[PDB]
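**Q** So that we are looking at the same thing, I have put the structure below in structure tokens.
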Amino acid sequence: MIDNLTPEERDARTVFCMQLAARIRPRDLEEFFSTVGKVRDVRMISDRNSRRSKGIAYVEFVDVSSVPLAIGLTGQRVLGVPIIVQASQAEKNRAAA
RNA sequence: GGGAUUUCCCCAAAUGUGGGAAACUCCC
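Going by PDB author numbering, the first sequence opens with residue 141, and the numbers climb by one from there.
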């Protein structure tokens, strides 16, 4: 657990993930992120606005110490499809990868 | 004949939920 969080890193506890399947469970990302720490919850979505077509979700970790590892393994596969991880806010700074 | 898994397309074209369509494997 972080000893000195701020309302700026508080939002980083939530990462945005994309290229997810159209029906993958929120549960299937938690057992996957179990390799980068421990996760609090997941939020699947069905809005497209892009070629991923309902293929996105959000993931919230119980601690920030899981955040930098969750973004580092990015590009792994789950339930038959590749998945990406970006912090919701640093999504644009992480797009340089 | 029924049930389970993923995929693709349109408005805009990568975010907290529009709609439609396609394929494989598995179970009864």
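We put the beta carbon where it would ideally sit given N, CA and C, even for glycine.
When you compare only the Cα positions, how much space is there between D151 and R165?
**A** Mapped onto the first sequence, residue 151 falls at position 11. Mapped onto the first sequence, residue 165 falls at position 25. If I take the Cα positions, the gap works out to 23 Å.
**Q** Quick one: what does DSSP say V207 is sitting in, helix, strand or coil?
**A** As a working mapping, residue 207 is identified with position 67 in the first sequence. Three-state DSSP puts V207 in a helix.
**Q** Would you say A161 and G220 are within 8 Å of each other, going by their C-beta atoms?
**A** Residue mapping note: residue 161 aligns to position 21 of the first sequence, counting from 1. Residue mapping note: residue 220 aligns to position 80 of the first sequence, counting from 1. Yes. Within cutoff.
**Q** Beta-carbon within less than 8 Å of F173's beta-carbon, same chain only, minus the 5 sequence neighbours each way: which residues are those?
**A** Within the first sequence, numbered from 1, the residue matching residue 173 stands at position 33. So the qualifying residues of the chain are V179, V199, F201, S206 and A210.
**Q** What are the boundary residues of the alpha helix (DSSP H) that includes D168?
**A** As a first step, residue 168 is located in the first sequence; it is residue number 28 there, counting from the start. Note, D168: alpha helix (DSSP H), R167 to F173.
**Q** Going by DSSP, which residues form a beta bridge with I224?
**A** The sequence position of residue 224 within the first sequence is 84, counting from 1. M158, per the DSSP bridge assignment.
**Q** Could you tell me the distance, in whole angstroms, from the CA atom of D168 to the CA atom of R153?
**A** Counted from its first residue, the first sequence places residue 168 at position 28. Counted from its first residue, the first sequence places residue 153 at position 13. So the two alpha carbons sit approximately 18 Å from each other.
**Q** Could you give the distance in angstroms between the alpha-carbon of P147 and the alpha-carbon of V204?
**A** Reading the first sequence from its first residue, position 7 is the one you call residue 147. Reading the first sequence from its first residue, position 64 is the one you call residue 204. Whole-angstrom Cα-Cα distance: 12 Å.
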